[PDB]
Amino acid sequence: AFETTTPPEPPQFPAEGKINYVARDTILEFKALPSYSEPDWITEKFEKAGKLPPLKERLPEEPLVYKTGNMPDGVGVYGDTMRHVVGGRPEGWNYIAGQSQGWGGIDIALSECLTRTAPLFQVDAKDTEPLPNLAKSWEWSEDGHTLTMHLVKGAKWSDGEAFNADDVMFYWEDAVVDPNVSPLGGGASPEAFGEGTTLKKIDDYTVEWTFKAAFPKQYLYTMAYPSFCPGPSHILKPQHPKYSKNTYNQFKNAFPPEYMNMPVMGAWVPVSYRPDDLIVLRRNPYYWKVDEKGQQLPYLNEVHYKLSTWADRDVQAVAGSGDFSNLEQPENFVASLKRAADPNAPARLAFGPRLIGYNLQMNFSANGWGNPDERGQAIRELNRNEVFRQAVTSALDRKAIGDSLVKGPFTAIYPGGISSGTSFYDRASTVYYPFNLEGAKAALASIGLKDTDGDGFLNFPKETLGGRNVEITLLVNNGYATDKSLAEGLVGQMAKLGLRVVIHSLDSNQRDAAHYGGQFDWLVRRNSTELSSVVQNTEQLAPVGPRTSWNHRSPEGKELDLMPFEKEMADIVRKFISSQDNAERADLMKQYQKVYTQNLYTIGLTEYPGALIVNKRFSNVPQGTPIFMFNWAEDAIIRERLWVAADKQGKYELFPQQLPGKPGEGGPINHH
Ligand SMILES: OC[C@H]1O[C@H](OC[C@H]2O[C@H](O)[C@H](O)[C@@H](O)[C@@H]2O)[C@H](O)[C@@H](O)[C@H]1O
Ligand SMILES: [Mg+2]
Ligand code: NA
Ligand code: NA
Ligand code: NA
Ligand code: NA
Ligand code: NA
Ligand code: NA
């Protein structure tokens, strides 16, 4: 009944900061170097005092080596602190059991994964193999069902314990396969790695994947952050219910934020924590990454995470008291641009492509996900009705939504689906339902929704819930002004259509528990990587598995009650995952976009670009780094490779010349 078209082209964005494209193998390689070096105080005060082993003995025989050619400013010098500001709060250190550490780069820096993809924003080539990280190399069998994966060899956790296949296997078996454990982020279900996929240990430094499909190369991306970031099994395994008398809740909570020096494969280790104030990390002396001159990374000795608000991160970065921000809330754009416009500004600000998007997601489970009551169930039935979805999207004045956030060329009309800023995007394949409130009102009337009590809100027919008013709950992340503003705008627009929408505003952790547990009717959410990049966590594009979709999961352990268009989307996604043909992949994403946007798998709210803000004293920041593409800029900028020239260094270290203490002990260790 609606006059659909394609979305109008947004205003031209002079998108400052162009990316310097490079080839995949210009960034790093694994190899032995003839000599290695580290900060002088480690050698003088720890090694020479017999308190820490010599550096060569702490490194793998073949460490990960960053190639100087890809370094924007070349080889670094030691020193200084990276000062981050975050809106989140740590629950504890058990990432693989689903605890948040506060976001804003903390878990990104702690939890290293098998592969790495965030720095791939600088590779234009199709289609790029994820960078090796904890997995140094891999080989496909001739038939394409077997993937032999070789691990970094001789690397150690920050506490000196060997990193090997046991850590990989513990994550796979006891975190992924185990249905009672859910790693942080809402993903990492077994089917995210392919239906029926198995993983086995060959030896201490070799694992073997077996896939049902032939060459499903897209799963290498799933082996990067957030889905395959192994934890220290020697510490975690004795707390797991399979190997102790602990319950799953006791395993999840065994490492509270106060527990210091949690072993990591990351560049820095947590050494201090003050509630609602600060987390301090110190350099990991067992870090397994070096530069081409043999200097053990990171260059920065310390990292701070000030516990504040997300809006304060922007404020502190432009003021110069914070060193980094992802300017991603349009309500903060004008004030930030004003401060950045001063030539004496301590920080540089640079917008990227339009990769920040928001969708309204409707719960499509009519078979019990989140155990809904009679009211909840009737909403799942409306959600699954295509005429209802068409009315909701048509009742949205998308120009007004964008203007409510910020004026100017930032926002773009966003019907939903793949972001307009990504290479797989096809405007002609994007179904746009223009603002048509009258048509939206007539469509709801056609499915039996009419105002029978004179209050302007539509009622169910007499047969459903005694003909009461339709009432829909809207789950919102209370940590962001943008999410709240979009939710408030959504309530207003729905009231004009005649639907009563009630906001359920929760902090990040509670919001995640309600979302992943399926305890929602509708929710407002900022897009994740599958919509900004397609290639990162591709399984999230459709219900390919019982728990891969953000808005259609099945209760444990029922099958999905998929609608025909969702089955079509799932088939396209599985075909894309196993394709190495560039023309076929591009065509499949055109088909995917059309099915998504025609059927309204989700309903787009708005889309706009974000800007990376970084203190000017840092060297090695890549030009044109986007705030979000394969992952957040905290990962993409490669913080372990950043450095500050000696004459520009800040004097901000809270534990200078100190190293992390033992897991569960007081805090850091000194030389005297
Ligand atoms: O982790 C870095 C990130 O932190 C904040 O975003 C948190 C959200 O992003 C995750 O990908 C996750 O899927 C969500 O649950 C989580 O809320 C911040 O807004 C970002 O700029 C960035 O620093
Ligand atoms: Mg071990
Ligand atoms: Na074979
Ligand atoms: Na194990
Ligand atoms: Na298995
Ligand atoms: Na239990
Ligand atoms: Na806290
Ligand atoms: Na993927």
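Residues numbered from 1 in each chain as written, not as in the entry; some residues may be left out. Chains lettered and ligands numbered in written order. Heavy atoms only, no water. Residues with missing side-chain atoms left out of burial classes, pairs and counts.

## Considerations on the site of ligand 1
- As a matter of local geometry, ligand 1 sits amid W103, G104, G105, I108, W310, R313, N326, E328, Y480, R526, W632 and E634.
- The side chain of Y480 places a nitrogen or oxygen atom 2.8 Å from an oxygen atom of ligand 1.
- A distance of 3.1 Å separates an oxygen atom of ligand 1 from a polar side-chain atom of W632.
- For ligand 1, the protein covers 88% of the area, taking 500 Å² as the surface of the free molecule.
- Grouping the constituent residues of the shell around ligand 1 by class yields five nonpolar, three polar and four charged. (Near = heavy atom within 4 Å. Polar contact = N/O pair within 3.5 Å; in protein donor to acceptor, adjacent residues only side chain to side chain. Areas by Shrake-Rupley, 256 points an atom, 1.4 Å probe, with all protein chains shown as cover. Nonpolar A, V, L, I, M, F, W, Y, C, P; charged D, E, K, R; others polar.)

## Structural notes on the pattern of salt bridges
- Per the stated rule, a full pass over the model turns up 33 salt bridges.
- Of the charged contacts in the structure, one is a salt bridge between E634 and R313, with a shortest N-O distance of 3.5 Å. With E634 in helix 19 (residues 633-636) and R313 in helix 8 (residues 310-319), the pair connects residues that are 321 residues apart, well separated along the chain.
- Looking at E634, the relative accessible area reads 3%, which means it is buried.
- Note that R526 is salt-bridged to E328, the shortest N-O span being 3.1 Å. One end of the pair, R526, is in strand 19 (residues 522-526); the other, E328, is in the loop between strand 14 (324-327) and helix 9 (333-340), and 198 residues separate them in sequence. Note on accessibility: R526 and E328 belong to one class, buried. (Salt bridge = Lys/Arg side-chain N within 4 Å of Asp/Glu carboxyl O. Helix = DSSP H or I, 4+ residues; strand = E, 2+ residues; numbered from the N terminus. Buried < 20%, exposed > 50% of the residue type's maximum accessible area, 1.4 Å probe, protein only.)

## A closer look at the coordination of the sodium ion (ligand 8)
- In the first shell of the sodium ion (ligand 8), the protein supplies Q218 (O), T222 (OG1), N537 (N) and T538 (N), at 3.0 to 3.2 Å from the metal.
- Within one chain, the residues donating to the sodium ion (ligand 8) are spaced in sequence as Q-x3-T-x314-N-T. Here the residue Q218 occupies a position in the loop between strand 9 (206-210) and helix 5 (219-222), and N537 occupies one in the loop between helix 16 (529-533) and helix 17 (564-577), the gap between them amounting to 319 residues. Like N537, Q218 is buried. (Donors = N, O, S within 2.8 Å, 3.2 Å for Na, K, Ca; no water.)

## Some words on the state of the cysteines
- Taken as a whole, this structure holds one disulfide when the rule is applied.
- Between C113 and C229 runs a disulfide, and the two sulfur atoms are separated by 2.1 Å. Given an S-S torsion of about 70 degrees, the disulfide between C113 and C229 has right-handed geometry. A residue pair is termed long-range when its members are at least 10 positions apart, and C113 in the loop between helix 3 (106-110) and strand 4 (115-116) and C229 in the loop between helix 5 and helix 6 (233-236) qualify at 116 residues. (Disulfide = S-S within 2.5 Å.)

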